[PDB]
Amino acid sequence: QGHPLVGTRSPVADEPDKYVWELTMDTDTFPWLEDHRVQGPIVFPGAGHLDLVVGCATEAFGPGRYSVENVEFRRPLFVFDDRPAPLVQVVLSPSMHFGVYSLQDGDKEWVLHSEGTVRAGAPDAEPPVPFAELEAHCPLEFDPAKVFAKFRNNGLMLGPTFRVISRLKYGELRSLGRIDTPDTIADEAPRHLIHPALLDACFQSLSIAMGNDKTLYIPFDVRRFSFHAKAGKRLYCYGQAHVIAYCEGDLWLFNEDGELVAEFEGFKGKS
């Protein structure tokens, strides 16, 4: 019944404020993994790491607001088809520094995928445009089928569960996207805080803020991710881009009733 991405924890005696969760990230436990392939292999979406770490922190310290600051994404997490499911470790230090690690079977070394800090609580969120006014602030509309098309044309095989933007609007250095939970994940998504598929789609949405009539971007840095409330079945993602091959922007995720879900400050990306 718990958060599906938080695994077993085995509190070690000589390390009292250290927390380690272990999880086998197989397709049987997570069929949706199939629908985010990058040039062939299945990749756990770099966005997904935020639902993972905060779900872990939630299990240790309790429900509420958590903030994940100075996240670095460096090495992709693969779920290959030829080898068995990888093992994944969320290591939280006493200093509240975290790392996400993976080991493929027969490998000598763990691979660090994500790195940052995490704390309880979050600043008061400051949307530059209130929820109701959002619709009008982004006049122009773009076809979601074209956005998905671009991704695959550059080698990003996105299946139904990662094709979840139903509507999308934009303006100068801004974007607004509607994220709908697909049926394939419906029963399982309320167990997550913000399902990785929907978290990935938020970064998809931001990519339309860079002025384009080409250059694919992937999560690289995040100054602050502040979780405020669980995602519902329908989501409104409002992005504002900042002005090389590094895209940057700030993000505000809302539920349809207008409840802020999460705030991203400094969501940097890379080709």
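For every residue, the number given is its place in the sequence shown, counted from 1.
The deposited sequence places 4 to 9 unmodelled residues between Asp213 and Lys214. Looking at mean Cα B-factors across 55-63 and 24-32, the upper value is held by 24-32. Higher mean CA temperature factor between 140-148 and 161-169: 140-148, per the PDB entry. Per the PDB entry, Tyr246 shows the highest C-alpha temperature factor of the residues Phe225, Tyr246, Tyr236, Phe44. Looking at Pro86, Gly121, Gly106, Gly116, the one whose CA carries the top B-factor in the deposited record is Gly106. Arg74: CA B factor lies in the highest third for its chain, per the PDB record. Sort the modelled residues of the chain by CA B factor and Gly266 lands in the middle third. Per the PDB record, residue ranking by Cα B-factor puts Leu156 in the highest third of the chain.
Placement of the Cα temperature factor of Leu193 within the chain: lowest third of the modelled residues, per the deposited record. Looking at the C-alpha B-factors along this chain, the one for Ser102 belongs to the lowest third.
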